[PDB]
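Visitor: Mind having a look at this structure? Questions to follow.
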Amino acid sequence: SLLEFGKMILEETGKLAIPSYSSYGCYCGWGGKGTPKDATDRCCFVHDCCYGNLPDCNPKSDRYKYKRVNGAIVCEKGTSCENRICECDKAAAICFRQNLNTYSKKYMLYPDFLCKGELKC
Ligand SMILES: CN1[C@@H]2CC[C@H]1C[C@H](OC(=O)[C@H](CO)c1ccccc1)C2
């Protein structure tokens, strides 16, 4: 679920999902179009594609379970949708962590008109 993803993001990065990642660049928090602005935005692009691989799943609301094995995220078995959603979220949280070194506040609340063009998954 979105709330679980937000908790995972905070655990991983030390940043609150809202507002650090809810309106960032062209793909974080609201998706759509444009060339991703930087590595963090590319994490969101891929996360959006990942959810897009699951047409008949409901990532915003469906809850999954996971544990930590030392720092590693381990998705625990639930329904097939839950397992796949968890793997999408885990990857995005790791990606955000890997790209904190280039996170830029200038991309928070990024305006929609600066995001044009389709980028295929
Ligand atoms: C799980 N749902 C999909 C359709 C709305 C959502 C979120 C999707 O893509 C996103 O993760 C983005 C954030 O990057 C998002 C946009 C708008 C609302 C919630 C999430 C796929």
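Numbering starts fresh at 1 for the residues of each chain in the structure tokens, the chains themselves are lettered A, B, ... in the order given, and ligands are numbered from 1 as they appear.
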Would you give me, as a tab-separated table, each residue of chain A having an atom within 12 Å of an atom of ligand 1, along with its shortest atom pair and that distance in Å to one decimal, using only C-alpha atoms and all ligand atoms and sorting by chain and residue number?
Guide:
residue	atom	partner	partner_atom_place_in_ligand_line	distance
A:1	CA	ligand 1	1 (C)	8.4
A:2	CA	ligand 1	19 (C)	7.4
A:3	CA	ligand 1	19 (C)	10.6
A:5	CA	ligand 1	11 (O)	9.6
A:6	CA	ligand 1	20 (C)	10.9
A:17	CA	ligand 1	13 (C)	10.5
A:18	CA	ligand 1	13 (C)	11.3
A:20	CA	ligand 1	14 (O)	11.9
A:21	CA	ligand 1	14 (O)	8.1
A:22	CA	ligand 1	13 (C)	6.9
A:23	CA	ligand 1	13 (C)	8.2
A:24	CA	ligand 1	14 (O)	8.7
A:25	CA	ligand 1	14 (O)	9.7
A:26	CA	ligand 1	14 (O)	8.6
A:27	CA	ligand 1	14 (O)	5.1
A:28	CA	ligand 1	14 (O)	3.8
A:29	CA	ligand 1	13 (C)	3.4
A:30	CA	ligand 1	16 (C)	3.1
A:31	CA	ligand 1	12 (C)	4.8
A:32	CA	ligand 1	16 (C)	8.0
A:33	CA	ligand 1	14 (O)	11.3
A:36	CA	ligand 1	14 (O)	11.2
A:40	CA	ligand 1	14 (O)	10.6
A:41	CA	ligand 1	14 (O)	8.5
A:42	CA	ligand 1	14 (O)	9.7
A:43	CA	ligand 1	14 (O)	8.5
A:44	CA	ligand 1	14 (O)	4.8
A:45	CA	ligand 1	14 (O)	6.6
A:46	CA	ligand 1	14 (O)	8.5
A:47	CA	ligand 1	11 (O)	5.9
A:48	CA	ligand 1	9 (O)	4.0
A:49	CA	ligand 1	9 (O)	7.4
A:50	CA	ligand 1	21 (C)	8.1
A:51	CA	ligand 1	21 (C)	5.0
A:52	CA	ligand 1	21 (C)	6.0
A:53	CA	ligand 1	21 (C)	9.3
A:54	CA	ligand 1	1 (C)	8.7
A:55	CA	ligand 1	3 (C)	8.7
A:56	CA	ligand 1	1 (C)	10.2
A:57	CA	ligand 1	1 (C)	7.9
A:58	CA	ligand 1	1 (C)	5.8
A:59	CA	ligand 1	1 (C)	4.2
A:60	CA	ligand 1	1 (C)	4.9
A:61	CA	ligand 1	1 (C)	8.2
A:62	CA	ligand 1	1 (C)	9.4
A:63	CA	ligand 1	1 (C)	12.0
A:81	CA	ligand 1	1 (C)	11.4
A:82	CA	ligand 1	1 (C)	11.9
A:84	CA	ligand 1	1 (C)	11.8
A:85	CA	ligand 1	1 (C)	8.8
A:86	CA	ligand 1	1 (C)	11.8
A:88	CA	ligand 1	11 (O)	9.4
A:89	CA	ligand 1	11 (O)	8.9
A:92	CA	ligand 1	14 (O)	9.4
A:93	CA	ligand 1	14 (O)	11.7
A:96	CA	ligand 1	14 (O)	11.9
Visitor: Extract, using only C-alpha atoms, all DNA, RNA and protein residues at most 10 Å from residue A:100, discarding same-chain residues fewer than 5 positions from it, and format them as JSON, numbers by chain.
Guide: {"A": [13, 15, 39, 40, 95]}
Visitor: Of the candidates A:78, A:16, A:34, A:11, which shows the shortest atom-to-atom distance to residue A:114, using only C-alpha atoms?
Guide: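 Of A:78, A:16, A:34, A:11, the one nearest residue A:114 is A:34, counting only C-alpha atoms.
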Visitor: Quick one: residues within 10 Å of stretch 68-74 of chain A, only C-alpha atoms counted, chain neighbours fewer than 5 positions away excluded, as a list in words?
Guide: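 In the requested form, the answer reads residues 8, 12, 86, 87, 90, 91, 93 and 94 of chain A.
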Visitor: As a ChimeraX atom specification, please: all residues of chain A that backbone DSSP puts in helix (DSSP H, G or I).
Guide: /A:2-13,17-20,39-52,80-98,100-102,105-107,112-114
Visitor: Could you work out how far atom CA of residue A:66 lies from atom CA of residue A:9, giving the answer in Å with one decimal?
Guide: 13.3 Å
Visitor: As a ChimeraX atom specification, list the residues of chain A assigned to strand (DSSP E) by DSSP on the backbone atoms of this structure.
Guide: /A:66-69,72-75
Visitor: Between atom CA of residue A:97 and atom CA of residue A:65, what is the spacing in Å?
Guide: 20.4 Å
Visitor: What is the distance, in Å and to one decimal place, between atom CA of residue A:103 and atom CA of residue A:75?
Guide: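 About the pair atom CA of residue A:103 and atom CA of residue A:75: they are 26.2 Å apart.
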